[PDB]
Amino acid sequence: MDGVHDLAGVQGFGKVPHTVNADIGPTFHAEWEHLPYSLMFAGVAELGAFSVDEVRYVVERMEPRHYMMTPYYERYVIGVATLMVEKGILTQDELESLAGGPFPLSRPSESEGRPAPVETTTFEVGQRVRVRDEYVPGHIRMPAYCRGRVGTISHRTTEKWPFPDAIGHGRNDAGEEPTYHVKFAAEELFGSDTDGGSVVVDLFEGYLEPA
């Protein structure tokens, strides 16, 4: 999904609000802030109602201005509430009654997702690969800066996981794939307009093709 959450490479932001080893304060800065992650795990592991991938996607589905002005932990409150309503566990009406006021949710999905690709290749360390030049309107774990770009395999995972573009939509056809650490030269991604060296992206097999 080419949403505003795909921030790598966007220009115009200011300084990162941190200098090295500065105080970051406590783990939680408000008494509610452990609820989004804790209720995410309740949903995943206790209720079996959704996957972690479905939480990443429902946060991607926040209305774009809403995403941009919402603090991190609040995005996951909104997202987990949204999934509880979509999965039929809660209603928006009861959330708003309990909350004492409006509780707008993420927007409905505009894609049914897609299955794990049937045709893929097992790549070896050292091989040159290109990120498939594909556009996916639902969930995908490919930041747009690397779409179509060429890099080198530095690692093939020794484990496999369900394809995000499928399990992030709750589908039954996510299969399992390894991922690859793909090393790109900075110049490949951003031409002259970078001060970096290399960028390694951890890409599912189904996002890659031989260069």
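Quick note: we count residues from 1 along the sequence shown, nothing fancier.
As listed in the deposited structure, the average C-alpha B-factor of 88-96 and of 134-142 is greater for 88-96.
For the pair 144-152 and 41-49, the record assigns the higher mean C-alpha temperature factor to 41-49. Across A30, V59, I167, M69, the greatest Cα temperature factor reported in the deposited entry is at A30.
Sorting the modelled residues of the chain by their CA temperature factor places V199 in the middle third.
When all modelled residues of the chain are sorted by CA temperature factor, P102 is found within the middle third.
Among the modelled residues of the chain, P26 sits in the highest third by CA temperature factor in this PDB entry.
When the modelled residues of the chain are ordered by C-alpha B-factor, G191 sits in the highest third. Sort the modelled residues of the chain by CA B factor and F123 lands in the highest third.
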